[PDB]
Amino acid sequence: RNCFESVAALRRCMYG
């Protein structure tokens with residue numbers, strides 16, 4: 001949900 005919480009979350013979110 002909060003994509004910009006970790007590098008992992010950010011990556012998976014921006015990928016899809």
# chains A, B, ... in the order shown; residues from 1 in each chain; ligands from 1
call {"tool": "select_by_dssp", "arguments": {"residues": "chain A", "states": "alpha helix (DSSP H)", "output": "PyMOL selection string"}}
result
chain A and resi 7-15
